[PDB]
Amino acid sequence: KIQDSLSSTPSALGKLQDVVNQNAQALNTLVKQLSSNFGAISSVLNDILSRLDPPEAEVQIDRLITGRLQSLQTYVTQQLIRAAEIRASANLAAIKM
Amino acid sequence: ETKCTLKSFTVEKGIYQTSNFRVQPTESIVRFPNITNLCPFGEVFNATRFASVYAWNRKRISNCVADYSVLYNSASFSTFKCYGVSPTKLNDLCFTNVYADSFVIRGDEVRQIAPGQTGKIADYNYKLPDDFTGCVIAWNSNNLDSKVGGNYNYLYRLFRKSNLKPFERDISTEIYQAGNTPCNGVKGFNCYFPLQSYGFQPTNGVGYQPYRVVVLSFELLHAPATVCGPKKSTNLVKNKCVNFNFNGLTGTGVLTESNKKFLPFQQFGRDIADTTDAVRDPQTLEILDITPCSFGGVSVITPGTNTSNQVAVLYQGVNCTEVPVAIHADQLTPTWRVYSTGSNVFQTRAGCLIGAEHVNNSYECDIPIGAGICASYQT
Amino acid sequence: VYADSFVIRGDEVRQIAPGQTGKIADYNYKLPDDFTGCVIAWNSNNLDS
Amino acid sequence: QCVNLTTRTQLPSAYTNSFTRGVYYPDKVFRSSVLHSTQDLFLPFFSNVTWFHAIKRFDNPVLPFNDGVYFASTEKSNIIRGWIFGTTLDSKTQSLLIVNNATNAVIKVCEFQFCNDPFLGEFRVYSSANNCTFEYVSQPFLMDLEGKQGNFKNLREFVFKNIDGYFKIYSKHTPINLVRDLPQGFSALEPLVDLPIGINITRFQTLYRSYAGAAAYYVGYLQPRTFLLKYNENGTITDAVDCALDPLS
Amino acid sequence: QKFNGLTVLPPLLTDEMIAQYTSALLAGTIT
Ligand SMILES: *[C@@H]1O[C@H](CO)[C@@H](O[C@@H]2O[C@H](CO)[C@@H](O[C@H]3O[C@H](CO)[C@@H](O)[C@H](O)[C@@H]3O)[C@H](O)[C@H]2NC(C)=O)[C@H](O)[C@H]1NC(C)=O
Ligand SMILES: *[C@@H]1O[C@H](CO)[C@@H](O[C@@H]2O[C@H](CO)[C@@H](O[C@H]3O[C@H](CO)[C@@H](O)[C@H](O)[C@@H]3O)[C@H](O)[C@H]2NC(C)=O)[C@H](O)[C@H]1NC(C)=O
Ligand SMILES: *[C@@H]1O[C@H](CO)[C@@H](O[C@@H]2O[C@H](CO)[C@@H](O[C@H]3O[C@H](CO)[C@@H](O)[C@H](O)[C@@H]3O)[C@H](O)[C@H]2NC(C)=O)[C@H](O)[C@H]1NC(C)=O
Ligand SMILES: *[C@@H]1O[C@H](CO)[C@@H](O[C@@H]2O[C@H](CO)[C@@H](O)[C@H](O)[C@H]2NC(C)=O)[C@H](O)[C@H]1NC(C)=O
Ligand SMILES: *[C@@H]1O[C@H](CO)[C@@H](O[C@@H]2O[C@H](CO)[C@@H](O)[C@H](O)[C@H]2NC(C)=O)[C@H](O)[C@H]1NC(C)=O
Ligand SMILES: *[C@@H]1O[C@H](CO)[C@@H](O[C@@H]2O[C@H](CO)[C@@H](O)[C@H](O)[C@H]2NC(C)=O)[C@H](O)[C@H]1NC(C)=O
Ligand SMILES: *[C@@H]1O[C@H](CO)[C@@H](O)[C@H](O)[C@H]1NC(C)=O
Ligand SMILES: *[C@@H]1O[C@H](CO)[C@@H](O)[C@H](O)[C@H]1NC(C)=O
Ligand SMILES: *[C@@H]1O[C@H](CO)[C@@H](O)[C@H](O)[C@H]1NC(C)=O
Ligand SMILES: *[C@@H]1O[C@H](CO)[C@@H](O)[C@H](O)[C@H]1NC(C)=O
Ligand SMILES: *[C@@H]1O[C@H](CO)[C@@H](O)[C@H](O)[C@H]1NC(C)=O
């Protein structure tokens, strides 16, 4: 009966499917974040480098640097919290075993 | 590398990550459209007579080659302020469409020409858009357009019911009802003609003098651009990651025969990260894809420093058929390369381990590497 | 304290600032990208004309 | 030349539903296998689009461009010939002209004195072309589609936008076989040309060059909204869903 | 993802070895 039940419905393994999906979604948003202007005139560094003279080019880069650095910090903090809950579940699993 | 990363003079046994490894490009490739005729910028800058500021003329320039150096190096221009553009990279960068807006104003209203300011001509007959990109060029032309009796062919629009749209041009001469009562005819009490005439004479001082202005309204790189400077094109090579240049698209990566079908109005193919992923040659109508050539991290496996100073090297995620191509002829981010001597090489799912000897005896995992392989310092 | 003295045109005074572009700036006198210090300028036509 | 005929010939103005029409290629970018979303002026689906039919004799009515106009054409033997653009239409202000005459399409923007009842057979559209700022000629746009002999009717969707002094045109050809109504399905538009008009236009009228044929159009009012576009793996639009029609959308 | 510097790493314990653990555990239990 257990083999039949596991072979029938997919709503049982949501616990592991969510572990996969949250990571995929977070990293996907991290990639998407490279397309925003963050207040600049272009989202492509090559363009900001090709255009403008050396002084202003760097100034626009700074706006980009600040925004992307903020995005990285947000992603890292969320990963730290997620890892703690994964380890809490791992300790529970070890005790049950 | 490990000691410098740890910022200490002793290194404990284990695996340590260091600076990432990335293959440098070898040669430069530039591909501009091979049109040759020069753009008649002289026909706009040295044009006989411009139209009035209320009826500024617009000319389209395309299918030609420009030169902005001769414009930036000319000392005649009094003000040259650019928006998201620089004359230094103008004989290089390309242009979707080049439109020359030509008109004449008073010297005091020169500041109003820039986007975002206001005034009697700025809000009435010429406003630039909020996100305007381009560059405006202005200079006095009193000795060219002033007459002793007064120049009266130049007029501006003084009254309108509501402010105009960007680049809007109003030619109507409807009489403005400044008073509350309606009026008609040529003129009436508190019914002014919308245009006001100037009085340019040689005796006027600075600020009130006429300033000949010419403006460009180009847009960039979001369309199949057609016009740019005299930068000469070279040949293209394949399967080697180089810093290519297609119509001002600076970049670096290995280019390979693609299979996507751009529509005739489409020139670029963009990925999730809003970066270019495929390119069409501006000289032949084939389509190619761009991939960043191989890169990855480097980890250094060492035992106790007091025990020995011999080390190994591992590249995460790098198939080491490339590292023979990673010969120290071109530039490489890691300077040290003597370890690629060979026959001390082994491949893992985690990358290629170089400088260590493969055996069959199994043991407890001393230093974890990945995919079940573990290294250990042993006799 | 190092005193660099020279004479230029009125319109090319703008080029004296670091990071500027022009004939004088590109060919004979550019200040460093991170220049510290400052320039002193004044018209001297009635002294050198 | 002008002859002023009769009246507006009753009021055949009715209503019909625009199931899944009113979208063009937003930008000159090739994308594949991505559900991209764009926030700009587009026609919403199921929009209560004004209906007309050239059921005889008929005239061309004057309609606005508040936030611009989507236009569609259900045509046979290419009765469609262009459109009339303007704000005052009385030569006091600049109004734009498009006519696809026998040789080719020509576009001309001047202070035209549009006739009260413009019709073709004859180029009786304006009496005066006093002050001009633009004039363009090309090859004709009457690209008849595949199949030939009109086995399926021709759908030639159109969008005309006036943003910050730029006049943009998009186009598409597709055959249709639905007798009276909007063919059920999806489509988009290829951008054709940007026109530098920079003139304030409020109201439009149509041409209908005149000759045993009938044809009808829709009027869609373009509106600034958000729409989700389902690109396939080839780079052509295969489906679309409104962001602001119903809660499910 | 990998093109922008986002790299994934392989786990130390492969699935075959994890299967060896679980088989050994249940065999030891049942015997
Ligand atoms: C483009 O043309 C439009 C049509 O002329 C124009 O709209 C018109 O604007 C005027 C002045 O703003 C209005 O005149 C009325 O204005 C107020 C209402 O705001 C009334 O109280 C006054 O008595 C006066 O009659 C017109 O009513 C209005 N017409 C329409 C059809 O909207 C636009 O302003 C023009 N666009 C630009 C940028 O100028
Ligand atoms: C369709 O509309 C077209 C424009 O509205 C119109 O183009 C007209 O073509 C004629 C002949 O080519 C031009 O007449 C001039 O042609 C040459 C041009 O260099 C001159 O040498 C001649 O002396 C003569 O002046 C018209 O100028 C041109 N129209 C405009 C506005 O410029 C087509 O003829 C129209 N087709 C039909 C069938 O009506
Ligand atoms: C994207 O465009 C592709 C090319 O236009 C198109 O591929 C084409 O697909 C059809 C049918 O899917 C193929 O026709 C043949 O398909 C099979 C063989 O796979 C045969 O059994 C059929 O009888 C028929 O002969 C075309 O050969 C194929 N052409 C190419 C160049 O791939 C895709 O279908 C398009 N995809 C979408 C989602 O629009
Ligand atoms: C590392 O790269 C080499 C070559 O770059 C791969 O060898 C290829 O293997 C496939 C399948 O066995 C063959 O079809 C190819 O012909 C081989 N390449 C060459 C040049 O002969 C090797 O598989 C790669 N390693 C991994 C783990 O994928
Ligand atoms: C366009 O239609 C109008 C109808 O409003 C015609 O205007 C009349 O023209 C006659 C001359 O034939 C005058 O005597 C009338 O006074 C006009 N009526 C108005 C209200 O002005 C006009 O003739 C038609 N156009 C042409 C070219 O005939
Ligand atoms: C619009 O057209 C009218 C009609 O020709 C132009 O008015 C003429 O302008 C010239 C040159 O200034 C004068 O010599 C004529 O006397 C004017 N005609 C009349 C009846 O007064 C007008 O200049 C044109 N406007 C533009 C902006 O081109
Ligand atoms: C205009 O003419 C002068 C000399 O007649 C020339 O130096 C200048 O380069 C010309 N303008 C342009 C844009 O070439
Ligand atoms: C570039 O040159 C080649 C051969 O020299 C030619 O076939 C091609 O048409 C040229 N490009 C354009 C845009 O004309
Ligand atoms: C390394 O060896 C030296 C003797 O050569 C010893 O003094 C030192 O304590 C050792 N380091 C550690 C961490 O044990
Ligand atoms: C390990 O044993 C295999 C035999 O299955 C042999 O082919 C291989 O060469 C051995 N490893 C080494 C390092 O010799
Ligand atoms: C469209 O509007 C007409 C009247 O303007 C109305 O009779 C009809 O029911 C409406 N249809 C829809 C689908 O809104």
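Following Swiss-Prot, chain D shows residues 14-68, 77-142, 156-240, 244-248, 260-297, kept in their order.
The backbone N, Cα and C atoms fix where each Cβ goes, and this holds for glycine too.
For D:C136, the disulfide partner named by Swiss-Prot from the candidate list D:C15, D:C291 is D:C15. Out of D:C166, D:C291, the record in Swiss-Prot bonds D:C131 through a disulfide to D:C166. Remark: of the glycosylation sites D:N17, D:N61, D:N122, D:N165, D:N234, the most isolated position is D:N17 (fewest other Cβ atoms within 10 Å of its Cβ). Taking H, G and I as helix, E and B as strand and the rest as coil, DSSP gives the region 'Disordered' (D:173-185) the counts 0 helix, 0 strand, 13 coil. Among the recorded positions D:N61, D:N165, D:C166, D:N234, D:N282, the ones whose Cβ sits under 6 Å from an atom of ligand 1 are, in sequence order, D:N234. Per-site Cβ counts within 10 Å over the disulfide-bonded residues D:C136, D:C166 peak at D:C136. Using a 10 Å Cβ-Cβ cutoff, D:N282 (N-linked glycosylation site) registers 11 neighbours.
For ligand 5, the neighbouring recorded positions among D:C15, D:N61, D:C131, D:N165, D:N234, D:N282 are D:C15, by Cβ distance under 6 Å. For D:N234 (N-linked glycosylation site), the spatially nearest entry among the recorded positions D:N17, D:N61, D:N122, D:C131, D:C136 is D:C131, judged by CA separation.
The two recorded residues D:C166 (disulfide bond) and D:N61 (N-linked glycosylation site) have their Cα atoms spaced 38 Å from each other. Highest Cβ count within 10 Å among the disulfide-bonded residues D:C15, D:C131: D:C131.
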